[PDB]
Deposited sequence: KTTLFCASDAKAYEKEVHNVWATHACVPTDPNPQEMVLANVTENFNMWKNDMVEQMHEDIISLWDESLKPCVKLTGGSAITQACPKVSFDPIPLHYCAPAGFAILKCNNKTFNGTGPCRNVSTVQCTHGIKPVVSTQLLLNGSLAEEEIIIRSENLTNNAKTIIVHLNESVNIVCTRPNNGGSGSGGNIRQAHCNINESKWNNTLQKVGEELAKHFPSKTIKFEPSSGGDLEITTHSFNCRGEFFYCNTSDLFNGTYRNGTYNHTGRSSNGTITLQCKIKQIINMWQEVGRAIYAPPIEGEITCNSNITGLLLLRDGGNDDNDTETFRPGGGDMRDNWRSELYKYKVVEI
């Protein structure tokens, strides 16, 4: 336990809300941090029980609270109104650093699954640059696994626990609302996606021995988790993924059963004004979408899954603490 502090390359002249936030909350990053490599030592990590995740969660909640002010905030029977101006929105990498008297241990084992023993260890003052990207089903613009795809879970035999898939090669996704003003769409190359779900398919095949491994859409619930929901330029995008998570892996080969056109999977997206908040239990209401072309070009670097003869996996999400876990898995706050 300690109280971490943040570092970033935020610009004071930038009116983008992440830059404003980091300027009023963080410290100038050090242009050349140097890692103290600890060989010979073997310590244990648990990405699922990490306070760094809670601190970061708190910080991102405060950030959204001060940056994205909704027209309405409804909780129970009480509603709160205030000015909801359109803003400049684009996440910047956040570093989390330990104060004097504390250190940050970093796992260098490159196939480490987040829980248990890690042996190539090291000492850093601050973490790597982390973009606080809030999304569901798909993890966007994070860091890639440097070798094979990695499966992360608090308990894999417990189907109620969220599975994090760390990809080794990103899959580009391009969402856009062209110049219906709430109708948007995402484009994904079907080849990269087929390859990706092939690799993820076999990596899941290893953990679940002789099963037909299917990928199906989210069963139901709030649109935030039943769709790939995310924030693009201050606008809340909800993108249908029924043609994305639609496949079958069996006997060492994968088959995409989702619809595609000319080698491209297109997600039908909707920009919503009424959102179910991730910070707290309640609803937030924002202004109609801005004018012009609203496009986000992102990289899919991770998956969020939930497991149900056959093993079926569906896209998950909703708890952003897992989104922070996908990047904070290699770190651990330590005493000196």
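| field | Deposited-sequence ranges lacking C-alpha coordinates, in sequence order | value | Counting from residue 1, the stretches without coordinates are 180-187, 317-322.
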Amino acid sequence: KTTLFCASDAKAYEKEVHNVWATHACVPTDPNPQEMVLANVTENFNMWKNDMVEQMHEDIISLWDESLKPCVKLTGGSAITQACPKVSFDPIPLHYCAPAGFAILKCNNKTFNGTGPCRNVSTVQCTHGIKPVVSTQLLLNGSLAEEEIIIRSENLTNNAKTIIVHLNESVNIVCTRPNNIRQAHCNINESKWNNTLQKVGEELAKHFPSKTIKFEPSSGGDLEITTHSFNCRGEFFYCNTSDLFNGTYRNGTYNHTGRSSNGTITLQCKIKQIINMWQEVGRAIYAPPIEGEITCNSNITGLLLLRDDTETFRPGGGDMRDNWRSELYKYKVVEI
From here on, numbers count along this sequence of modelled residues.
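| Should the higher mean CA B-factor in the entry be assigned to 82-90 or to 100-108? | On average, C-alpha B-factors are higher across 100-108.
| query | Higher mean Cα B-factor in the deposited model: 193-201 or 116-124? | reply | Mean C-alpha B-factor is greater for 116-124.
| field | Residue with highest C-alpha B-factor in the PDB entry, from 32, 268, 299, 279 | value | Answer, based on the entry's C-alpha B-factors: 32.
| Selection by C-alpha B-factor (highest) of 259, 211, 131, 233 | Max CA B-factor in the entry, restricted to 259, 211, 131, 233: 211.
| task | Relative to the other modelled residues of the same chain, rank the CA B-factor of residue 64 and answer lowest, middle or highest third. | result | According to the entry, residue 64 has a C-alpha B-factor in the chain's middle third.
| said: Please place residue 308 in the lowest, middle or highest third of its chain according to the CA B-factor in the PDB entry. | reply: Answer is middle: the recorded C-alpha B-factor places it there.
| query | For residue 287, does the deposited CA B-factor place it in the lowest, middle or highest third of the chain? | reply | As the PDB entry reports it, the C-alpha B-factor of residue 287 lands in the middle third of its chain.
| task | Rank-wise, by C-alpha B-factor, drop residue 170 into the lowest, middle or highest third of its chain. | result | Middle third of the chain for residue 170's C-alpha B-factor.
| query | Taking the C-alpha B-factors as the PDB entry records them, is residue 216 in the lowest, middle or highest third of its chain? | reply | For residue 216, whose C-alpha B-factor we compare with every modelled residue in the chain, the answer is the lowest third.
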